[PDB]
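Visitor: Experimental structure and its sequence below.
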Number of protein chains: 2
Amino acid sequence: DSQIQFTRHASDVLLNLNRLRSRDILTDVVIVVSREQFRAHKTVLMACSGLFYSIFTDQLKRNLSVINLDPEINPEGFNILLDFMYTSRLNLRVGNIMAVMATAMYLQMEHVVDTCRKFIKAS
Amino acid sequence: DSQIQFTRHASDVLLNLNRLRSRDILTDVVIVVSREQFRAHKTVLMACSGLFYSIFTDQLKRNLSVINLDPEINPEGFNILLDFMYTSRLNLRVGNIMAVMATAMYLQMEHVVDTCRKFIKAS
Ligand SMILES: CC(C)NC(=O)Cn1cc(CN2CCN(C)CC2)c2ccc(NC(=S)NCCc3c[nH]c4ccccc34)cc21
Ligand SMILES: CC(C)NC(=O)Cn1cc(CN2CCN(C)CC2)c2ccc(NC(=S)NCCc3c[nH]c4ccccc34)cc21
């Protein structure tokens, strides 16, 4: 409310969280997408994705160390979205727009889908 | 670099991380401060504190579920800093500044220490 605001703190936290991912420090889940595998932190996955929230919030699945995604998910599209989660930067190109949008819908990241919609429209 | 920037994503992630802490979801450590206990996420602690980074980055201590802080640490001051880590907001009042500053020194949060110094200077 009337507390002092650190305007860079949130971005600095996310940057260190991504650094921890890049060194595999306290990563607690691998996400299998067809042939690929991505290690990550369940907390960040839950904070950023409705699908991952709905999985790990259920005590039936909260302790899983492996999550197999839908085999139709494109790994490049997932990687772009995983990067976004940890960076706030979304790499939308003409060559990946369709794969990134579809993957964002499957992961229930509405703002990204909403931004994919505006990207479409601005093309 | 040339990707789309989501200016509110990092703050949105931290808010959900704090929500997860408030429901004790995926918390993986308890910090003992005199007669008090605080549950938290090791990744957030490490991202925010040089002390907590140095502890959990060491494989000798990375798997600890309990951390006992120095008995001289004031629990209210620790709580204020724990809140700051998860909110980017620092509750500095001249009734608590000394105990917050000394705690931020122990936790190796230089940004906060530097701010406490200017709070003193701005009187
Ligand atoms: C970084 C940020 C912008 N990314 C998201 O918000 C992605 N996301 C997208 C959704 C799904 N949306 C939600 C809004 N709704 C109208 C349409 C469907 C979603 C859901 C959960 C989380 N993760 C966490 S920790 N949420 C804590 C609050 C909460 C949400 N639903 C709850 C259910 C029970 C208790 C708490 C909650 C992230 C989610
Ligand atoms: C959210 C942000 C504003 N809060 C901090 O930065 C609090 N903090 C304060 C310090 C201690 N400072 C650091 C600067 N130095 C000149 C004086 C002492 C500190 C240390 C680690 C972390 N956590 C993480 S993940 N760091 C990843 C990068 C890294 C730092 N040291 C490394 C050593 C080896 C490998 C990597 C690194 C947080 C730290």
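Guide: Nice, I can see it. Numbering: from 1, shown residues only, chains lettered A, B, ... in the order given. Ligands and ions are numbered 1, 2, ... in the order given.
Visitor: Residue A:107: neighbour count?
Guide: 23 (other CB atoms under 10 Å in any protein chain shown). In short, each C-beta sits where N, CA and C put it, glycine included.
Visitor: show me what contacts the nearest residue to it once chain neighbours are set aside?
Guide: In this structure, residue A:107 finds its nearest non-sequential neighbour in residue A:49, 4.5 Å apart by CB to CB, 6 or more residues apart in numbering or on different chains. By CB atoms under 8 Å, 6 or more residues apart in numbering or on different chains, the contact list for residue A:49 reads A:85, A:107, A:108, A:109.
Visitor: can you rerun that using 10 Å?
Guide: A:55, A:56, A:81, A:82, A:85, A:104, A:106, A:107, A:108, A:109, A:112 (CB atoms under 10 Å, 6 or more residues apart in numbering or on different chains).
Visitor: So what's the residue count around the fifth one?
Guide: Look at residue A:85: counted by other CB under 10 Å, it has 25 neighbours.
Visitor: my read is it is in a helix, agree?
Guide: Yes: assessed with DSSP: H, G, I helix; E, B strand; the rest coil, residue A:85 lies in a helix.
Visitor: how close does it sit to ligand 1?
Guide: Using CB to the nearest ligand atom, to the nearest Å, residue A:85 is found at 8 Å from ligand 1.
Visitor: quick one: that residue from residue A:2, how far?
Guide: Applying CB to CB, to the nearest Å, the value for residue A:85 to residue A:2 is 31 Å.
Visitor: ok, back up a step: and the contacts of residue A:49, which is closest to residue A:30?
Guide: Proximity of those to residue A:30 (CB to CB) peaks at residue A:82, which lies at 11.9 Å.
Visitor: hang on, the closest one packs against residue A:40?
Guide: Yes: using CB atoms under 10 Å, residue A:82 is in contact with residue A:40, at 6.5 Å.
Visitor: what touches both of the two?
Guide: A:21, A:31, A:48.
Visitor: Kindly identify which of those residues also come near ligand 1.
Guide: residue A:48 (CB under 6 Å from any ligand atom).
Visitor: Which single one of the shared contacts of residue A:82 and residue A:40 is nearest to residue A:11?
Guide: Among the shared contacts of residue A:82 and residue A:40, and counting by CB to CB, the member closest to residue A:11 is residue A:48, at 14.5 Å.
Visitor: sorry, back to before: neighbour count for residue A:82 and residue A:40, which is higher?
Guide: In terms of neighbours (other CB under 10 Å), residue A:82 is the more surrounded of residue A:82 and residue A:40; the figures are 24 against 20.
Visitor: ok, back up a step: which among the contacts of residue A:49 end up buried?
Guide: By neighbour count, with 16 or more other CB atoms under 10 Å in any protein chain shown, these hold A:55, A:56, A:81, A:82, A:85, A:104, A:106, A:107, A:109, A:112 as buried.
Visitor: my guess is the last one meets residue B:12, correct?
Guide: No: Residue A:112 sits out of contact with residue B:12 when judged by CB under 10 Å, with a separation of 11.8 Å.
Visitor: Brilliant, that's me finished.
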